Amino acid sequence: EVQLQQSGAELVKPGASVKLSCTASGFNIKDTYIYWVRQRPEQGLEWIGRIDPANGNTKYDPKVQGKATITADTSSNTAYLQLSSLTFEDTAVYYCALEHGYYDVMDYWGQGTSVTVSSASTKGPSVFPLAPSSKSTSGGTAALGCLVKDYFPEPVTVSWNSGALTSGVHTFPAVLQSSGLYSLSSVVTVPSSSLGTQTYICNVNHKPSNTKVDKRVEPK
Amino acid sequence: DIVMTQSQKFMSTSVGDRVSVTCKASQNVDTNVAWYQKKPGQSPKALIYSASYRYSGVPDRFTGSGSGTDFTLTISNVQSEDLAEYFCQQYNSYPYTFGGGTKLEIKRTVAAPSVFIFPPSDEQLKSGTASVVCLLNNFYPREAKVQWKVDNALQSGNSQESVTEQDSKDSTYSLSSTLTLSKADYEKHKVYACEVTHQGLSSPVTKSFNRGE
């Protein structure tokens, strides 16, 4: 159907230039009106602007004029979001959506592209497993997981058994350490009878640092 | 410059009752305001248009109106496990301004957690660090208290907790308390525990494990 996929997260230094991309997939039509949206982690959203494939007179928004500029593509119909003079206030999650209310009756939102404007460098996390002990069983049923420590860019995607597991999943928010780094744990509950070589893996992925490790978990 | 508000920072309702969310502004417009839901960690969703309908929405479990300097949105929990945050937009004209939005706190019964403790990975010892995690799978409510003990010795400050969002199905909570020190401090002792005094518990339940089996 439609996908409207955007690129992965990025990290630059204060005083850089960035041009974001959000693909069209199923929206090859020219009647769609895609808008730009910011979302800071402090629960605050804003309307950056919009664009019309046919004469997109929109390109700015008061209090933002000069900080960004949208443009479009004719090869794959991918709207580009140029952002320069970046500061830490620009740090937010951004989106794209196609809703033509006078032609269609549905829309779709992009996966999201996260930006980090800080002076620190990229850093792949550390993946230490969580073996199920004899005390990790509560009523013939145990639990397990893994821990990801020390990743500077916030976007870390913990998959399990290659996007095939979802039952009882609890992925924790990124708590910061005194080291100035993030850490989280991805746990899951399982039956104690699965000790007969039922294998599970933390298919974690760190797109910024190009850090992709799928670590297995084993008791003791 | 058009502004708007929710006049409510956080909201808490029961499992089945209805709840009416307000959204106000400084101008006046009709059949133009839409609403959205930012699902927990998931993208915002097209919740309404013009205060009318929305694709693949609820039958009518949520409903609201109000034009001019007043508006609302009432949601009857008929088959509603949904817990997220919701926002109003002034899509009638530029800057298509938004609003403060309000969180939704589904109330439910008290639930006791299931507790499991995990030792640091043998791999983590190769770095001189030791991260001990006490886990709480499913429980309610939010307010609680954790205490760390090592061969009777209490611990302070050396622990950090991570609080999840609320689960879609069960309204149970999940927290991860993380105790971390050097492997030197670690190997210096044998018995490690986390004491847990939950509001939905009679006496603090202290779970432990001995090193080296």
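Here, every reference points to the structure presented above.
Residues numbered from 1 in each chain as written, not as in the entry; some residues may be left out. Chains lettered and ligands numbered in written order. Heavy atoms only, no water. Residues with missing side-chain atoms left out of burial classes, pairs and counts.

A few points about the overall build of chain A
Inference 1: For chain A, the helix and strand inventory stands at 0 helices and 17 strands.
Inference 2: Viewed in the frame of its principal axes, chain A has a C-alpha envelope of about 65 × 40 × 30 Å.
Inference 3: Partitioning the intrachain contacts of chain A with sequence separation of at least 6 by distance along the chain shows that 58% fall at a separation of at least 24. (Helix = DSSP H or I, 4+ residues; strand = E, 2+ residues; numbered from the N terminus. Contact = heavy atoms within 4.5 Å.)

Side note on the overall build of chain B
Inference 1: Across its full length, chain B carries 1 helix and 18 strands.
Inference 2: A compact globule built from 213 residues would reach a C-alpha radius of gyration of about 17 Å, whereas chain B, at 23 Å, exceeds it by more than 25%.
Inference 3: Its C-alpha atoms put chain B at 70 × 35 × 30 Å along the principal axes.
Inference 4: Of the contacts formed within chain B by residues at least 6 apart in sequence, a portion of 58% connects residues at least 24 apart. (Rg over C-alpha atoms; globule rule 2.2 N^0.38 Å.)

Topic: the sheet that holds strand β15 (residues 159–163) of chain B
Residue and element names in this part refer to chain B.
Inference 1: Read from one edge of the open sheet, 4 strands run β11-β12-β16-β15, paired in antiparallel fashion. Strand pairing shows two members of the sheet lacking a second neighbour, β11 (115–118) and β15, which therefore form its edges. Going across the sheet, the axis of each strand differs from the next one's by a mean of 15°, ignoring polarity.
Inference 2: Two strands pair when backbone bridges link them, and strand β12 (residues 129–139) and strand β16 (residues 173–182) are joined in this way by 9 bridges, in the antiparallel orientation. (Pairing = 2+ DSSP bridges. Axes fitted to C-alpha atoms, helices over the stretch in contact; angles between N-to-C directions.)

Examining the packing of aromatic side chains
Inference 1: When the centroid spacing of 6.1 Å and the interplanar angle of 90° are considered together, the rings of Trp109 of chain A and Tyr36 of chain B count as edge-to-face. One end of the pair, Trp109 of chain A, is in the loop between β7 (93–98) and β8 (113–117); the other, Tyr36 of chain B, is in strand β5 (residues 34–38), on a second chain.
Inference 2: Among the aromatic side chains, those forming a connected cluster through ring pairs are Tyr95 and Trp109 of chain A together with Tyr36 and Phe98 of chain B. (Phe/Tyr/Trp six-rings, centres within 6.5 Å; stacked < 30°, edge-to-face > 60°.)

Some words on unusual backbone geometry
Inference 1: Look at the link from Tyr94 of chain B to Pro95 of chain B: it is a cis peptide, with omega at 5°.
Inference 2: Put simply, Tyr140 of chain B and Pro141 of chain B share a cis peptide bond, and its omega is 5°.
Inference 3: Even without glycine at this site, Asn55 of chain A takes up a positive phi of about 55°.
Inference 4: Here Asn55 of chain A shows up in the loop between β4 (44–51) and β5 (68–71).

What to know about the interface of chain A and chain B
Inference 1: In this complex, chain A contributes 37 residues to the contact, which on the side of chain B involves 34 residues.
Inference 2: Here the side of chain A that touches chain B is built from residues that sort into 21 nonpolar, 12 polar and 4 charged. (Nonpolar A, V, L, I, M, F, W, Y, C, P; charged D, E, K, R; others polar.)

Notes on the sheet that holds strand β10 (residues 102–106) of chain B
All names here are of chain B.
Inference 1: Spatial ordering of the open sheet is given by β2-β10-β9-β5-β6, a layout of 5 strands whose pairing is mixed. One side of each edge strand has no neighbouring strand; the edge strands of this open sheet are β2 (10–13) and β6 (44–48). Averaged over all neighbouring strand pairs, the angle between strand axes comes to 30°, with direction disregarded.
Inference 2: As paired elements, strand β9 (residues 85–89) and β10 share 2 bridges and run antiparallel to each other.

Things to note about the side chain of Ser174 of chain B
Inference 1: Its location among the elements puts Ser174 of chain B in strand β16.
Inference 2: Polar contacts involving the side chain of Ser174 of chain B include one to the main-chain carbonyl oxygen of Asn137 of chain B, which spans 2.2 Å.
Inference 3: Sequence-distant contacts of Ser174 of chain B, defined by excluding residues within four places in its chain, comprise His170 and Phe172 of chain A together with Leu136, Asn137, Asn138, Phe139, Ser162, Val163 and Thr164 of chain B. (Polar contact = N/O pair within 3.5 Å; in protein donor to acceptor, adjacent residues only side chain to side chain.)

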